[PDB]
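Just below is one structure, and these are the notes that go with it.
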Amino acid sequence: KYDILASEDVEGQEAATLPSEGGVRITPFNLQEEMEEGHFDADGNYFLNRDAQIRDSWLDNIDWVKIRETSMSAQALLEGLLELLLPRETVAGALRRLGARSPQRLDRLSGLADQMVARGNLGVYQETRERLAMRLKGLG
Amino acid sequence: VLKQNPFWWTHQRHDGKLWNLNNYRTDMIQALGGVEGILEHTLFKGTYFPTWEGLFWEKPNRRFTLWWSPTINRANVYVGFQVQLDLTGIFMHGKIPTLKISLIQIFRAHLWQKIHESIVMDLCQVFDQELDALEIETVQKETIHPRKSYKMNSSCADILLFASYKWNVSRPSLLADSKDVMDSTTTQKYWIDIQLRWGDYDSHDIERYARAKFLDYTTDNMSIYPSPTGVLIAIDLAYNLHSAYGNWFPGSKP
Amino acid sequence: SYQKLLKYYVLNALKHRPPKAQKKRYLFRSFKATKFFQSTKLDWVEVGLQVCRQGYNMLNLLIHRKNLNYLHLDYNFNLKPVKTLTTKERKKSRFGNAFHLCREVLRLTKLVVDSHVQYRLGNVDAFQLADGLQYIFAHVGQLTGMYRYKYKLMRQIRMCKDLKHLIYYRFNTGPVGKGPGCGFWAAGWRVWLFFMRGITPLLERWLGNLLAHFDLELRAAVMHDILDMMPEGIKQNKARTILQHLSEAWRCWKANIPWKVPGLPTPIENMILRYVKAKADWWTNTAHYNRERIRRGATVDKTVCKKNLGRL
Amino acid sequence: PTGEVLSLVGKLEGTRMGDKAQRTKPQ
Amino acid sequence: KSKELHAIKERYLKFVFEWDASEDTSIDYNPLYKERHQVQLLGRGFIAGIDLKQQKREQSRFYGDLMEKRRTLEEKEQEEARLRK
Amino acid sequence: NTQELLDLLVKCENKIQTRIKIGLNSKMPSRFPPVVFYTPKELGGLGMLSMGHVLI
Amino acid sequence: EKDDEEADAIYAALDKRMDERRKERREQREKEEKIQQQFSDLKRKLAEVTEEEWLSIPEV
Amino acid sequence: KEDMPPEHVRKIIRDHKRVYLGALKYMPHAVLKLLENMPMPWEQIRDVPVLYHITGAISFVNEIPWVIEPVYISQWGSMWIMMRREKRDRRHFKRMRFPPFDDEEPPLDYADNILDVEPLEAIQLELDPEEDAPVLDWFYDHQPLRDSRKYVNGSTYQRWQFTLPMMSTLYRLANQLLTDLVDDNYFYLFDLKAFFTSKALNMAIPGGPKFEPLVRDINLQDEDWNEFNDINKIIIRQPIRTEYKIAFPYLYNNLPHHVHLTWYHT
């Protein structure tokens, strides 16, 4: 293949660092980027390295450079939710029985359930008071 | 013979020559807009030869695209563009790598800054030689940013003239505006600007460019100028054209 | 517009395929069976805002999971770069057409939901809401720009324009002058609902991804078949010799020469001859196909074209 | 005004095959 | 007439949002296939969408006169009574 | 007299111009000014003999 | 994680629940929709040769 | 089996891990079901069932919009009447400004800015008390007659049984959207079979669709003169239109294939 001309051959390729000025982009004075994109030839042609990749029509044409524009303790949370929890009733139905609208008790219980899920267990809404009280006893 | 012969039927030697096309070439030249109209799109006016008859070539893609650059890299041909070359005031509408390599090699070693510096110091020497008779106190070489030579979006001060008096300056008029009206005002410090550009085929009008640059930069915020009175000399290196539109004090214009 | 509506009416009637037999499997029932989902009964506008924000967060998480912070996706679902993008950066922000199709679908959703929210607050009127919705559903190539990321979407856009023409010119008759006052949004809405029927699996699949030498091959297969019944011990000596004999046979067949190795076994020689015949047939077929393609106008490099020429 | 050539079919009513054909003089 | 003979001779011998108006049919030479006769539906049926008063003004007026002829004075006054209602 | 040949000639002229365009730049332009091709060879241009209805 | 693995199992069950709509027919059509087959006769006959002709194979 | 209160998911979403990721795979379904269950211009408010994720990752509308077709067409007929009667009253009609909201504002929270706001009136026709009695009481409901076991199958809303004074009232209201033909003779040589035949014969009925050639074959300039088709043996009285080749596809046509015979008189 034709020997790709070196960026020193042209010379005067000042290593400019400014990316853009006045909105318009600043082209690099060095042909390293253009050579990487597609190599020159021995006589100043532009055999372009075939871009074999996924199509992304937004990226290939960026609108002509577009416009250039605390958690409580686990034991504490369990104890509080148990205090908010009516006898022989899960957390979910506890949301139900207080959802026929004390409001403050309702959103307190819902929030407790929510960060309890955030802890890493998603079976919160499917546990009766007996199971979670047994869990509290096990951890206590 | 390994070459396919278009003229399998006729021999030049026996039949003669059955067609002539020199008239076609001449009519082609005429229809293209005359020799001069052909050459306007070329970079010839940037070579500053006096006339076109006495030249010859040396027997080219690179030469072909560079020579036809002012009519190819125009904003009309490619749109959604004007990425600027580094350390240079040139605008390449569209990524033209062959034109780009020609344009870097033609502007190597901070050449644009060298033109700006040379124009500045030559005009400074001119005003030093013409200090007293123009009623000039002194000439001050303004602190010019290294990238101000290739600063298109805005501009700053280049050369200042102190009067030791109050100059009477006129309205902003072009360098050829022999008929200029008085501004009915006075000033003591006079500014001069050195603006360089690469006019393409459509926008090589140095007079309009100079007028627009002067009327925009004077009314600009990123363009801090010591006095509202001054001149802005725009020089088109592409077609070797020049024009200044700013104010004029006595003797300044000629 | 009338004739173009009729064209798709006729094509729908003609290209109609019977709905395939299947077993009823309902997605949302499976969603409710698990413990991860629950149910309530909300106002439509509330769920519109929920879905808007949810889709916005999904797209932001897709962007930020590359830990790149140089693209900005605002609330109206515009993906603007924040800084001028480097060539290294313009290779990592290559998402695919699916991403921008989904982003523009969510922009359409946002437009509809925010129009309803405008009506609900008191900003606009019922009639103004209806006119806004028809405008959205008709002018969607001028409000979203989906069609860049899928070209077939120009059938839907032209069809919504066709419906606009068919409807407006009976709406605007008599005292009703020409202007922005028609709110019969029922047709474009359907057109954009049947678009999502089709592309829902496609975008779901791409979310599922993102988140959570034919002659040489034939020669290799022939060599493997020969070596399978060949001695295991003779593998570094006889396999190379057999391959060289096959290459010599191919060269002789190209040169119309009678390649023959007396030392080669008769069954091995017969297998090599069969391989040579198959290779010659494949080469002849490929040469004929390539010559026909070149004659028709197919473009190829001069070197491979010259190779095909030499084969012919 | 696009720069692509246009098919000469239909745009040649005003010309003949030889109009503007000139013969050179002896040299 | 000229287009008829031409028809006989012919027979026997970028994102575009809007449709190109050259895609249109219906440009006939036969005046029976251009100026068709419009259904009147006994003067009592109308077209969907269009404004009713406009159609009632633009209808062919055949059946109005045929009523005015055939209708007897009692049916005439009943029809006038409904008209005034 | 041959119309198909006139159409073919114009198509092939456009193909030649388009290949020159692609060699000159990767992206296809709008309103490439024709004086690039038709200018005589001694005057820098390529020198394309034309057989089509191109308007300057 | 444990919760993450449980979620992945649940979602995989969800996905396999869905294509079950046409799973049998799709899989049947896909199943319904070679060189060694052509070379089998010569391949079988090549094992008939004895080992005294294996190391005697010449090279080009 | 647990309809959880509307004030739970509100807080969950307002307050914001493969559990959260395996759910986002289905957002096109959420969009499709939300845009599908979109209120009609006669409703101010529509309360829809919602099936959400316990993290607020995704929220589907768990409903299909079933309608009784006569009632839907009559409601949109009244809509047509109203939106036409209004535009002629407001000669300067101000369109909504798109996009409705600025590109940098997070969506307004429903709980604070829309929850207790009493919405504006919807588009609704003034149904006359006497001549609209059969439909006066339930016309502009969400799902009319859903809980009246006399007229609708059940709460699943899959079958309607109507009386004739209701069907007449629904028929009068929809008339602005109705053709008011009594036949299908209007559609002679302008129906599905005619367009099928014109497509198969590679011709266009003036006023109809224009497809592309079904299969490349002989052409009207591809057959020579024979002694059969000699144009000197042919009497021309009236040109053989293409409609004559659609109406009688076997008398007026060489090689007719895929010719769906058009229905004759009615």
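Residue numbers (the authors' numbering), protein chains in the order written: chain A, 62 to 130, 150 to 181, 195 to 233; chain B, 1447 to 1505, 1530 to 1724; chain C, 446 to 657, 680 to 779; chain D, 36 to 62; chain E, 243 to 255, 271 to 342; chain F, 1280 to 1335; chain G, 95 to 127, 137 to 163; chain H, 58 to 73, 85 to 334. Just so you know, even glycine gets a beta-carbon here, dropped at the ideal spot from N, CA and C.
Q) For the candidate residues 105/G, 111/G, 127/G, 146/G, whose alpha-carbon lies nearest to that of residue 480/C? A) Translated into positions along the third sequence, residue 480/C becomes position 35. When each option's Cα is compared against that of residue 480/C, the closest is 105/G.
(Q) Check whether the segment 109-125 of chain A and the segment 532-546 of chain C touch, using three or more Cβ-Cβ pairs below 8 angstroms as the test. (A) yes
Q | Presumed contact (8 angstroms Cβ cut-off) between residue 154/A and residue 171/A, rounded CB distance | A | Translated into the one-based positions of the first sequence, residue 154/A becomes position 74. Translated into the one-based positions of the first sequence, residue 171/A becomes position 91. Wrong, their Cβ atoms sit about 15 angstroms apart, outside the cutoff.
Q: Compute the distance between the beta-carbons of residue 1537/B and residue 1561/B, then report whether it is under 9 angstroms.
A: Locating residue 1537/B in the second sequence gives position 67, where the first residue counts as 1. Locating residue 1561/B in the second sequence gives position 91, where the first residue counts as 1. No, Cβ-Cβ distance for residue 1537/B and residue 1561/B is not below 9 angstroms.
Q. Name the chain E residues whose beta carbon is nearer than 9 angstroms to that of residue 621/C?
A. Residue mapping note: residue 621/C aligns to position 176 of the third sequence, counting from 1. Per Cβ cutoff of 9 angstroms: 308.
Q) Looking at chain G, which residues of the segment 86-120 of chain H have a Cβ within less than 7 angstroms of any of its Cβ atoms? A) 86, 87, 90
Q: Step through the CB atoms of chain D and report whether any lies within less than 9 angstroms of the CB of residue 1312/F.
A: For the purposes of this step, residue 1312/F is taken as the residue at position 33 of the sixth sequence. Interface residue, yes.
Q | Euclidean distance between Cα positions of residue 139/G and residue 123/G | A | To locate residue 139/G, count along the seventh sequence from 1; it is residue 36. To locate residue 123/G, count along the seventh sequence from 1; it is residue 29. Taking the straight line from one Cα to the other gives about 25 angstroms.
Q: With a threshold of 16 other CB atoms inside 10 Å of the CB of residue 622/C, please say whether the residue is buried or exposed.
A: For the purposes of this step, residue 622/C is identified with residue 177 of the third sequence, where counting begins at 1. Exposed, by the Cβ-count rule.
Q. Can a CB atom of chain A be found closer than 9 angstroms to the CB of residue 642/C?
A. Within the third sequence, the letter at position 197 stands for residue 642/C. Not one chain A Cβ lies under 9 angstroms of residue 642/C.
Q. How is residue 518/C classed by DSSP in three states: helix, strand or coil?
A. On the third sequence, position 73 is the one that residue 518/C refers to. Residue state, collapsed to three classes: strand.
(Q) Measuring only the C-alpha atoms, how far is residue 1677/B from residue 94/A? (A) Working through the second sequence from its first residue, we reach residue 1677/B at position 207. Working through the first sequence from its first residue, we reach residue 94/A at position 33. CA-to-CA, the gap between residue 1677/B and residue 94/A works out to about 37 angstroms.
Q | Close beta carbons around residue 616/C, own chain, < 6 angstroms, minus the five adjacent residues each side | A | For the purposes of this step, residue 616/C is taken as residue 171 along the third sequence, with counting starting at 1. Once the five neighbours on either side are set aside, the close Cβ partners of residue 616/C are 627.
Q) By DSSP, does residue 734/C sit in helix, in strand, or in coil? A) Locating residue 734/C in the third sequence gives position 267, counting from the first residue. Helix, per DSSP.
Q) Could you give the residue range of the alpha helix (DSSP H) that holds residue 1285/F? A) Position 6 of the sixth sequence, counting from 1, holds the residue named residue 1285/F. Unbroken alpha helix (DSSP H) run through residue 1285/F: 1282-1303.
(Q) Please state the DSSP three-state secondary structure of residue 646/C. (A) Translated into positions along the third sequence, residue 646/C becomes position 201. Per DSSP, reduced to three states, the secondary structure at residue 646/C is helical.
Q: Could you name the residues that DSSP lists as bridge partners for residue 526/C?
A: For the purposes of this step, residue 526/C is identified with residue 81 of the third sequence, where counting begins at 1. Paired residues: 516/C.
Q: Could you tell me if residue 1556/B is buried or exposed, where buried requires 16 or more neighbouring beta carbons within 10 angstroms of its beta carbon?
A: The count along the second sequence starts at 1 and reaches residue 1556/B at position 86. Label assigned to residue 1556/B: buried.
Q. Which one or two residues does DSSP pair with residue 1652/B in a beta bridge?
A. For the purposes of this step, residue 1652/B is identified with residue 182 of the second sequence, where counting begins at 1. DSSP output for residue 1652/B lists 1640/B as bridge partner(s).
Q | residue 109/G - containing alpha helix (DSSP H), residue span | A | The residue you call residue 109/G lines up with position 15 of the seventh sequence. Note, residue 109/G: alpha helix (DSSP H), 96-113.
Q. In chain A, what lies closer than 9 angstroms to residue 62/H by C-beta?
A. Translated into positions along the eighth sequence, residue 62/H becomes position 5. By Cβ distance, chain A contributes 175, 176, 178, 179, 180, 181, 199, 203.
Q. Do we get a CB-CB distance below 9 angstroms when we pair residue 57/D with the residues of chain B?
A. Counting from one through the fourth sequence, the residue named residue 57/D turns up at place 22. Interface residue, yes.
Q. Does the distance from the C-beta atom of residue 1574/B to that of residue 73/A stay below 9 angstroms?
A. For the purposes of this step, residue 1574/B is taken as the residue at position 104 of the second sequence. For the purposes of this step, residue 73/A is taken as the residue at position 12 of the first sequence. Result yes, Cβ atoms of residue 1574/B and residue 73/A sit closer than 9 angstroms.
(Q) Excluding the 5 residues flanking residue 66/A on each side, which residues of the same chain have their C-beta closer than 6 angstroms to its C-beta? (A) As a working mapping, residue 66/A is identified with position 5 in the first sequence. So the qualifying residues of the chain are 101.
Q | Rounded straight-line distance, which links the Cα of residue 168/H to that of residue 1294/F | A | As a first step, residue 1294/F must be located in the sixth sequence, where it is residue number 15. As a first step, residue 168/H must be located in the eighth sequence, where it is residue number 100. Straight-line Cα distance between these residues: approximately 48 angstroms.
(Q) Taking 8 angstroms as the cut-off, is the beta-carbon of residue 1674/B closer than that to any non-hydrogen atom of the ligand HEM? (A) Summarising the ligand content, the structure contains no ligands, and the ligand HEM is consequently not present.
**Q.** Under the three-state DSSP convention, the category residue 1706/B falls into
**A.** Within the second sequence, numbered from 1, the residue matching residue 1706/B stands at position 236. In the structure shown, residue 1706/B sits in a strand (DSSP, three-state: E or B).
Q: Just grab the DSSP bridge partners of residue 1316/F for me.
A: Your numbering for residue 1316/F matches position 37 in the sixth sequence. BP columns for residue 1316/F are empty, so no partner.
**Q.** Contact belief for residue 125/H with residue 499/C at Cβ below 8 angstroms, rounded distance in angstroms
**A.** Walking along the eighth sequence from the start, residue 125/H turns up at place 57. Walking along the third sequence from the start, residue 499/C turns up at place 54. With a Cβ gap of about 7 angstroms, residue 125/H and residue 499/C count as contacting.
Q: Classify residue 1667/B as helix, strand or coil using the three-state DSSP reduction.
A: Within the second sequence, the letter at position 197 stands for residue 1667/B. Reduced to three states, the DSSP call for residue 1667/B is strand.
Q: Compare the beta carbon distance of residue 245/H and residue 300/E with 9 angstroms and say whether it is the shorter of the two.
A: Indexing the eighth sequence from 1 puts residue 245/H at position 177. Indexing the fifth sequence from 1 puts residue 300/E at position 43. Not closer than 9 angstroms, so no.
(Q) Taking its Cβ as the centre, do 16 or more other Cβ atoms sit within 10 Å of residue 181/A, making it buried, or is it exposed? (A) Here residue 181/A refers to the residue found at position 101 of the first sequence. Under this definition residue 181/A is an exposed residue.
Q.
Buried or exposed for residue 771/C, going by 16 or more other Cβ atoms inside 10 Å?
A. In the third sequence, counting from the first residue as 1, residue 771/C sits at position 304. Burial call: exposed.
Q) Out of curiosity, what's the CA-to-CA distance linking residue 95/G and residue 650/C? A) As a position in the seventh sequence, residue 95/G is number 1, starting the count at 1. As a position in the third sequence, residue 650/C is number 205, starting the count at 1. Between residue 95/G and residue 650/C, the C-alpha separation is close to 24 angstroms.
Q: Residues of the segment 481-514 of chain C with a CB closer than 7 angstroms to any CB of chain H: list them in chain order, please.
A: Cβ contacts with chain H: 481, 482, 483, 484, 485, 486, 487, 488, 489, 490, 491, 492, 493, 494, 495, 496, 497, 498, 499, 500, 503.
Q. So which residues on chain H does residue 210/A lean against when the C-beta distance must stay under 8 angstroms?
A. Residue 210/A sits at position 117 when you count from the first residue of the first sequence. Chain H residues near residue 210/A: 122, 123.
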